[PDB]
Each structure stands twice: as C-alpha cells, then as structure tokens.
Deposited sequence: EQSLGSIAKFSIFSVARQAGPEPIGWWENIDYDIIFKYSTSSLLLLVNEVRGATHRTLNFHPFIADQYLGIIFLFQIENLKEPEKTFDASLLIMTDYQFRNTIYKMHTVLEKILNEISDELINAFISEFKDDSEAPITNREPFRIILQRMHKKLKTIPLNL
C-alpha cells in the first residue's frame, strides 16, 4: 500500500466572487460529491480573519462519510483563497498523521503547479467559467502517480 492507493480522490478548489468552486478533480467522481467536499474544504475558513494567510495543512475528519480529508489551504495572486484536498478512508487516519511531513512536501509542490496553471488559464478573466478543466486534471493525475510511489509508513 502507498499514499496513492488510499487516495480516493483529490480536488483543486478556488473561492471566487461566488464562493468556493471546484476547478479540477481526479479521477471520475460525481459532481455533487465533488461540490460538497470542495465547499467544506474552503468553509473550514469561515471564521479566519484573513482566510488562509499561512499555507495550512488541515486534517479534517468527515465522521459520517468515514473519510479523512487532507486539506491544503493556500492563496492565488496575479487574492483568491484556494484548497487542494486529498480524501482517504477514515481508518487510515493514524498513518496519515505519522506521514505529515511528506504530505506537506508534495502538497506544496502540487499547489505550486496548480497556482501557475490557474494564473495561466485565467489571464483575461479571473472570474470566467471553467470551460477547460484538463490542465488541472493532468496536474492532479500527476500527483496521484507520485503518491503511488510513497509506501504507507505502517
């Protein structure tokens, strides 16, 4: 088992003028599900005076669904709050906690790629509808390929 084998899906979300919005996700997941966790991922920030001013890894249990959410909170400028979420089954929570250092490493690396792809794609209008999700799926697919080379520290 690897981090990638327990990563059920991942989501890149940005809070634009209409609130949290899924930009891309991986792999094939019903949009109603994506929208739910995309929204939860960024409303963990409801009462943060300045959003995600520190790139914050937050492990968030989704008790009812038996999921643990690995949520990386960050910002995009040239300011949008944004999140990168990896979701895993709740039973693995203890291994995920032990593995926080490598998770923070890869989440930073992938977040940088997603930031650059967002600024590149939304040059003209930062509020445009997301008519091409594939640059973001490609980046998230790459994430998962790299996660699958990290064996579970357990």
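- Judged by missing C-alpha atoms, the gaps in the deposited chain sequence fall at residues 1, 80-85, listed in sequence order.
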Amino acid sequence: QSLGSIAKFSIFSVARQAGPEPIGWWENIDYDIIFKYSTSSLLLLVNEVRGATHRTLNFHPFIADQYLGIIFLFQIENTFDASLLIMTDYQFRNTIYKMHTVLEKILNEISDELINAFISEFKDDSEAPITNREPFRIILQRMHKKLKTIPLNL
From here on, numbers count along this sequence of modelled residues.
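- Look at the mean CA B-factor for 104-112 and for 54-62 in the entry; the higher one is 54-62.
- As the entry records it, the average C-alpha temperature factor is higher for 44-52, out of 44-52 and 85-93.
- Considering 26, 31, 37, 122 together, the PDB entry gives 122 the largest C-alpha B factor.
- Remark: residue 141 belongs to the lowest third of its chain, ranked by C-alpha B-factor as recorded.
- Per the PDB record, residue ranking by Cα B-factor puts residue 18 in the highest third of the chain.
- Among all modelled residues in this chain, the alpha-carbon of residue 153 has a temperature factor (C-alpha) in the highest third.
- Sort the chain's modelled residues by C-alpha temperature factor and residue 80 lands in the highest third, per the entry.
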